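With ideal geometry, Cβ positions are generated from the backbone for all residues, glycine too; neighbour counts draw on all protein chains shown. Readers should treat all values here as calculations from the given coordinates under stated rules, not as data from a laboratory.
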Amino acid sequence: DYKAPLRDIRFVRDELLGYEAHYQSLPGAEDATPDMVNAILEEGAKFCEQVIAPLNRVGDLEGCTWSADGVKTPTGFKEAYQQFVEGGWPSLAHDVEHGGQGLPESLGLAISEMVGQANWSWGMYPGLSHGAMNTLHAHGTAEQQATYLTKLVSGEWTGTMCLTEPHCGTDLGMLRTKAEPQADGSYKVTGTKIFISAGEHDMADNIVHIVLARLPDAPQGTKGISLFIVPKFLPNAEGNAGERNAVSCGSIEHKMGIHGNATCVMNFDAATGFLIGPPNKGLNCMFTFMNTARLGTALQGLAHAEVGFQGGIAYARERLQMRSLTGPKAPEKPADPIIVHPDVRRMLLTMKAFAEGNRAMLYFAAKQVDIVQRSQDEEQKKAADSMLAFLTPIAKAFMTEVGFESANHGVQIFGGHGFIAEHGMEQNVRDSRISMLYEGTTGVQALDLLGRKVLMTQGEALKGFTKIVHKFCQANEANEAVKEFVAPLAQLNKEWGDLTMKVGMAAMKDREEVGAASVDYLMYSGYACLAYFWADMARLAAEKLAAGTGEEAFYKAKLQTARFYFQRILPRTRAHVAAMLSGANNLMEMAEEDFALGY
Amino acid sequence: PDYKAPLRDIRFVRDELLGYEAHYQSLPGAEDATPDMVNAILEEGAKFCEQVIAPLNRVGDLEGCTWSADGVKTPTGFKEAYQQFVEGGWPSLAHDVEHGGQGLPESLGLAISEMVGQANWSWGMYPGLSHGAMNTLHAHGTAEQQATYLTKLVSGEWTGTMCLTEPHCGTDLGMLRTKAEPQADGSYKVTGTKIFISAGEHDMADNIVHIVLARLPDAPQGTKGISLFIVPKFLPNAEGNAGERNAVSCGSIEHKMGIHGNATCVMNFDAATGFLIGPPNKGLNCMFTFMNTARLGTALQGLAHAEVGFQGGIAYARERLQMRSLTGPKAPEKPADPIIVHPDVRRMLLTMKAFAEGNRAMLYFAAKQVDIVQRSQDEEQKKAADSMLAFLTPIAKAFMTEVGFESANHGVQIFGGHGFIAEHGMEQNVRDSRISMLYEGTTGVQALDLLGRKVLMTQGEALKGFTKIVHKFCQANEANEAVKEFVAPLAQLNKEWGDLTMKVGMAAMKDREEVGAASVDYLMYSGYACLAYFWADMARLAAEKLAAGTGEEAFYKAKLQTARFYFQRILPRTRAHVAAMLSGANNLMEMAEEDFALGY
Ligand SMILES: CCCCCCCC(=O)SCCNC(=O)CCNC(=O)[C@H](O)C(C)(C)COP(=O)(O)OP(=O)(O)OC[C@H]1O[C@@H](n2cnc3c(N)ncnc32)[C@H](O)[C@@H]1OP(=O)(O)O
Ligand SMILES: CCCCCCCC(=O)SCCNC(=O)CCNC(=O)[C@H](O)C(C)(C)COP(=O)(O)OP(=O)(O)OC[C@H]1O[C@@H](n2cnc3c(N)ncnc32)[C@H](O)[C@@H]1OP(=O)(O)O
Ligand SMILES: Cc1cc2nc3c(=O)[nH]c(=O)nc-3n(C[C@H](O)[C@H](O)[C@H](O)COP(=O)(O)OP(=O)(O)OC[C@H]3O[C@@H](n4cnc5c(N)ncnc54)[C@H](O)[C@@H]3O)c2cc1C
Ligand SMILES: Cc1cc2nc3c(=O)[nH]c(=O)nc-3n(C[C@H](O)[C@H](O)[C@H](O)COP(=O)(O)OP(=O)(O)OC[C@H]3O[C@@H](n4cnc5c(N)ncnc54)[C@H](O)[C@@H]3O)c2cc1C
């Protein structure tokens, strides 16, 4: 049964990253008192454990049901959503201006961490909505905010992002949905959008589609794309679901997992829409909706490692099979618990290193998001903004990739039993698999990080982070407790920058290099980020243990996980380095027609 | 694009790389495996796989199996397909002539199995499990027992199961508690519940022959007390046909992640009549003819998953237009470039390709050993082939399943979002693949078998058979210009493999936890090392065919390019596995069990 990691969320927020100081230093956070944060975490935890976690298996077994009239969600989904609404969770991290509580985004993200762990398919309904707000908030006219945002902040209305068509997913410049301008200055949108998460459902009073379309004589490619508000129901005089717009769901997908989230073919038959933001600047505006959900999807990766660990640790202490290699440890039982086996511990510690490591990186990133939304200092916003732009793609691709690995360790620990539906471990793997495909594929994210962010800033995007690491190795070089962490961390911090330079050099001779190195580089970057977060959690752990503490075992575990990370996981860097220095030719020399001559 | 048998690559591996013509002529009873007959059987094999079973793979996954009190319904088309397969004589192919068989080599029967598992693994488990229980009756059954059970299994009229697992025990068979009470007439009565029995009950055959692990009434504790019993669903009648219903029933089937089409049964034996096969209390010894077949059989499942991901991905990579090459549009007449222009898509393609073609080479290398163990009359050769199988069998099962799962996941990644959708079949490949690392011995258990039972128990001798072959290859080709670039790293790695074995040994002397701590890393390293040899050898062969002039230049140029990719982008994974296995057991054993979950 899902148990929220509140003690670990507090370790990371309060002790490692000084979230009380951060909230004190920052406009809006006077109502975000330590005691109020703790009560909101504990309220969040209870909803996640008692209301949505028990629906997770229901959602997988039932999925959603299509008919011409609309889409039924699994038993208990909408009734949990009504309770989510009535608790005012939707309004937590939105402007007091448009009906919100004004608490920071980073406190919103802690609630999303627990929602995603408990029931990801259910959490996507509120999750997508949270983004369309961030879109309306950043680019909507005051009247658009008054009509649409107020309703999303209350949760009475839900939001989607409608980009994808059959022929285009990464290549949005090829999109072909049309916005035809009308005398009254509104548009009629004609097109078929596919894979639309939460496109049709029975959870809310209305749905607000944020749709990418093209104006009749716009330029080709991205520079021809505009953003439209297309609600399922056009508002009435009081602002409530009014006239039924010509938006309908023609079908939902049969998928490997995330069955409880309706994945919809949305047909727009000259549906009334309103332009939001400048004509042909839709891609620019949509990237508010996208970088929310990039960090929101990095959260999915964290959730799959956490669920995989919760299951693994429980089964490894309860399942008896075979005996310890150093003699029977439970001779009064017919077998030893499987935790006594070194490989089961390797699998448990892998999931633990990834869950706790990525939790640190995620709430480090979330502090940057708060700064960009609320700081007055433009030096401090701009340094936060460049840090988000470096960490966003790393977090999304790296946390999902190792989250899916972590989910598979969970299954492996159960042996055969892991393949069987009733234990929920195999559902975790199935739900994890989409996280590396949507919200920018691993490959597209890697290309974004290395080409657009790092190589296009001639390495400056990396320097923000390698600065913090270099300052840690200097302040802690002669700290005896983390000597063993600082040495290889300093070495890796150097190599990180060296590799960045060698790849820029290779790329100057052959552009194919940016692609050839990209995923290897992003994965290396991910292990290097977590090397720093584990060296720092180890530093904090050693500080607390030397000062005496009610929780000896808590901090000794942090040191033991850090050492596992450095000695057993971080050396995967060696293969990422070798592959990325090998050059583009070993990928590009084979002719397309020569890949499958063995038939 | 539907399933296409990789016959051209299967021929390259057996005929060109592994000398299968000369091997078959050097073996007693292999005179009927003429090159033209093998090629005829391979063609008929592919026809059956591509036309009868491959179309049923989606149906198997959508319907799965339907339980009722009376029986277990199989997916639409499966039993009719099993009839055409019986009518084709396929079950009889690699079995002895006197018991209904055609007497062809096991390594020919394995080529058919390669194509069956790629076409529809769930369906292939039905005959594939039969193939096991036949091998056990051959090895350990009385001539009477072979007359009744082995003849029906060789015809395919009856199917066979392996019944080991119970709720409390899968790896630890010593704890099993299924009982066998002696009866006055020399038969036994088996009472107990077995779980996760593949093909335990279905509607495809006239009878099912269970090979059951059970305990005699005063047997010693542990594996020393396990005996092996034939328990048929229908007791034979006087003619030798399905007679009296035995007290064997299926209480349920599991709901699973995958292989929905293969019924996974809770089998209740209610004092069912069984017959002791093999000595009393030597069950586990006898049941290991069945288990090693099924381990090289499960390695083949790993190959199958890599193959299916490759066939889907290459077709989609050439048809899907998304974005443009980094070096300017390669298809400017089209609205976007094929995704194969992107280096990362080529990286996923070539990963699946290195693993499929490398593992195929490893598999038929192993299958030549099976053939020598079964047929050779030279003892020195039987001993060396037996010893080579002992080393390769767990490497093949664990490595090929693990890199098979990776390869299936690359397949989905190439389709992007579309790969998560049921219609394309790529996500089923991943879900079917996941069981392959759990059953027939877990990755962790095969890794302990390799390092603990075979390698360290022989003080490194089990490794020598293979390192010898690799060292002779590096000497034979030190001066060979076309492959010098493979030979150098191969010889460095072959030496390191021997050094690592000794160091792990030294570490285990001080701390026995080191055997489990190094096990999976050591098996994965060993896997990568085996494929480094096979890619080097396939690169040598391709150089030799190109220097001599061939009408298939591209085919041989593609082997060199894949071998170079394997060496430069995949083999370096050994770096991670070396560092992990030399890190020590303390980084895994120091954390007390009660301190693993203190964040709640
Ligand atoms: C929570 C559950 C998840 C469910 C959601 C499912 C997924 C979805 O909703 S659809 C996912 C959306 N798609 C993706 O994320 C990946 C596919 N699209 C891409 O990212 C493509 O690479 C794509 C379309 C951006 C390429 O466009 P292209 O015009 O070549 O980009 P580029 O020239 O680099 O940038 C164009 C403009 O976009 C914006 N932009 C691009 N990248 C970024 C970025 N990383 N951050 C911010 N803005 C960006 C900028 O305004 C930029 O302007 P400029 O060029 O002057 O800097
Ligand atoms: C094609 C269709 C595929 C479908 C797959 C579905 C089928 C299944 O999943 S059923 C198979 C699942 N069962 C297993 O694999 C059980 C797991 N196995 C194990 O853990 C061990 O091998 C086990 C329990 C059998 C032996 O345990 P233990 O007694 O501690 O081993 P050990 O003492 O070293 O050896 C016991 C005896 O078994 C035999 N044995 C052990 N290992 C091997 C081996 N690798 N090869 C051959 N014989 C072996 C020997 O006879 C040995 O006796 P001795 O040591 O005197 O030679
Ligand atoms: C779909 C399916 C089909 C099956 N078909 C059959 C069949 O036809 N016939 C049959 O007899 N069985 C069958 N099985 C059972 C299957 O072989 C077992 O699941 C397998 O042997 C593992 O046993 P277990 O699941 O009980 O895991 P356990 O043995 O409990 O192992 C659990 C975990 O502990 C680890 N572990 C255990 N001991 C050690 C050790 N000493 N060192 C290190 N790690 C260790 C394992 O590696 C694993 O990670 C089937 C299973 C499934 C799921
Ligand atoms: C369950 C689900 C829910 C979804 N929900 C939504 C939603 O709510 N809203 C929405 O708008 N979309 C949604 N999508 C669509 C999703 O965002 C796309 O699937 C995703 O962007 C990938 O696009 P694609 O599937 O068309 O693959 P493609 O873009 O065709 O990519 C295919 C392959 O090519 C690779 N590739 C493509 N271009 C390059 C390049 N330049 N360099 C390197 N590799 C490249 C990719 O990495 C991938 O491996 C959803 C999809 C799914 C499966």
Which FRET efficiency value, to the nearest 0.05, do you get for A:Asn240 and A:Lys463 by plugging their Cβ-Cβ distance into 1/(1 + (r/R0)^6) with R0 = 51 Å?
0.50
Centre separation in Å (Cα based) which lies between region B:176-245 and region B:483-534
42 Å
FRET efficiency for B:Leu582 and B:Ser252, Cβ-Cβ distance as r, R0 = 41 Å, nearest 0.05?
0.30
Residue by residue through region B:518-526, the couplings from Karplus 6.51 cos²θ - 1.76 cosθ + 1.60 with θ = phi - 60°, in Hz, x for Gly and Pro, are 8, 3, 6, 4, 5, 6, 5, 3, 4
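Starting from the Cα gyration tensor of the protein assembly as shown, take the square roots of the eigenvalues, sort them a ≥ b ≥ c, and report rounded, prolate or oblate (rounded when a/c is under 1.5, otherwise prolate if a/b is larger than b/c, else oblate). It would help to have the intermediate numbers written out before the result.
Working: a/c = 1.56, a/b = 1.52, b/c = 1.02.
Prolate.
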Taking amide H atoms as placed 1.01 Å from N in the peptide plane, list the residues 5 or more away in sequence, or in a different chain, whose amide H sits under 5 Å from that of A:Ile196.
A:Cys264, A:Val265, A:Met266
Between region B:543-600 and region B:1-73, the alpha-carbon center distance in angstrom:
29 Å
Determine the relative contact order of region A:135-258: mean sequence separation of Cα pairs under 8 Å and six or more apart, normalised by residue count, in whole percent.
22 percent
Expected integer from the mean partner chain Cβ neighbour count at 10 Å over A:322-330 is 4
Derived scalar couplings ³J(HN,Hα) [region A:38-54; Karplus, 6.51 cos²θ - 1.76 cosθ + 1.60; whole Hz; x for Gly, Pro]:
4, 6, 6, 3, 5, 4, x, 3, 5, 4, 5, 5, 9, 9, 9, 3, x
Please order B:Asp15, A:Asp448 by the number of other Cβ within 10 Å, starting at the fewest.
B:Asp15, A:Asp448
Pair A:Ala481, B:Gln84: separation of 7 Å Cα→Cβ label points (nm)
7.0 nm
Can you tell me the orientation of helix A:378-413 relative to chain A, as the angle in degrees between its alpha-carbon axis and the longest Cα principal axis, to the nearest 10?
70 degrees
Taking the number of other C-beta atoms within 10 Å as the exposure measure, put A:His341, A:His201, B:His138 in order starting with the fewest.
B:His138, A:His201, A:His341
With axes computed from alpha carbons, what is the tilt in degrees of helix A:460-475 against the longest principal axis of chain A, rounded to the nearest 10 within 0 to 90?
30 degrees
Output the relative contact order of chain B, whole-number percent, from Cα pairs under 8 angstrom with separation of 6+ residues.
12 percent
Where the centre of each part is set by its Cα atoms, how far does region B:93-167 sit from region B:308-370, in angstrom?
35 Å
Name the residues of region B:288-307 whose amide N is less than 18 Å from a point 7 angstrom out from the Cα of B:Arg453 along the C-beta direction?
B:288-300
So how do B:1-14, B:175-188, A:227-240 stack up, highest first, on mean other-Cβ count within 10 Å?
B:1-14, A:227-240, B:175-188
For region A:286-302, 3J(HN,Hα) per residue [Karplus equation, 6.51 cos²θ - 1.76 cosθ + 1.60, θ = phi - 60°, Hz, x = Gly/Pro]:
4, 6, 6, 3, 6, 6, 4, 5, 5, 5, x, 7, 3, 5, 5, x, 5
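In percent, how large is the relative contact order of region A:167-215, given Cα pairs closer than 8 Å and 6 or more residues apart? Walk me through the intermediate numbers first.
Working: 43 pairs, mean separation 19.3, N = 49.
39 percent.
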Kindly express, to the nearest 10 degrees and within the range 0 to 90, the angle between helix A:483-509's C-alpha long axis and the longest C-alpha principal axis of chain A.
50 degrees
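Rounded to the nearest 20 Debye, what is the dipole magnitude of chain A about its Cα centre when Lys and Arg each give +1 and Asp and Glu each give -1 at the C-beta?
Working: 54 positive and 70 negative charges, 288 e Å.
Result for chain A is approximately 1380 debye, rounded to the nearest 20.
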Would you grab the residues whose amide H sits under 5 Å from the one on B:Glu157? Only those 5+ places off in sequence or on another chain, please, with H modelled 1.01 Å from N.
none
Using amide H atoms built in the peptide plane, which far-off residues or other-chain residues are under 5 Å from A:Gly242 H to H?
A:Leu234, A:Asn236
